[PDB]
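As a starting point, one isolated chain is supplied in structure tokens, in the form deposited in one PDB entry.
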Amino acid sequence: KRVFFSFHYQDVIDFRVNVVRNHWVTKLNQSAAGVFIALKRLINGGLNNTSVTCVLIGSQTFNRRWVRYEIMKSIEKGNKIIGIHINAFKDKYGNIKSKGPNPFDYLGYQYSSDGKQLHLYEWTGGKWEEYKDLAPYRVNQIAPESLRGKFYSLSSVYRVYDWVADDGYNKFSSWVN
């Protein structure tokens, strides 16, 4: 499978992102996409010809505008989506850090009462607000009453791993498959 990696730029600079990305692309010789209305177009193109989105979670990832977009756009496109904490191993400065917030806790959705549309929300610091960088969209899929008119945080939907705790060295390819 072709994997879209989503991340804070600072985690690229600190050689945290490359630990996971190099495992997939070099060690396992697979292929990745990633970015480090125009910028959305670029990201959309990156997400095209991928089937899995992998959010690499560092200290500030939860707060990044285009990480949020990459996640929301990934849902609309029907990508598999997972998160992986990347703070538990040493960065290029030789430091280990505590886990950052789960980006999925800061994003959410609600199905419309007729079940035909999906409304999108993000946490803006003191409240939930309608998400502005991606429009609500039509779901062509069945939407049972038990799913309608209820708010869900994305952390109730997508799975999060830790590279060290969950042994990504042995298990990453299973997480995206």
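Rigid core (definition): largest C-alpha set, two forms, superposition within 1.5 Å. The first residue of the sequence shown is number 1, and the count goes up from there.
In what follows, reference is made to the form deposited in another entry, a form of this protein that is not presented.
Summarising the superposition on the core between this form and the one not shown, the listed residues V12, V157, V164, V160 contain exactly one with a Cα shift of 2 Å or larger, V12. With the core superposed, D105 shows a C-alpha displacement below 2 Å between this form and the one not shown. Superposition on the rigid core between this form and the one not shown places the CA atom of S31 2 Å or more away from its counterpart.
With the core held fixed, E76 shows a CA shift below 2 Å between this form and the one not shown.
In the other entry, the CA atoms of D11 and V67 move farther apart by at least 3 angstroms compared with the shown structure. In comparison with the shown form, the Cα-Cα distance of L56 and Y93 increases by at least 3 angstroms in the other entry.
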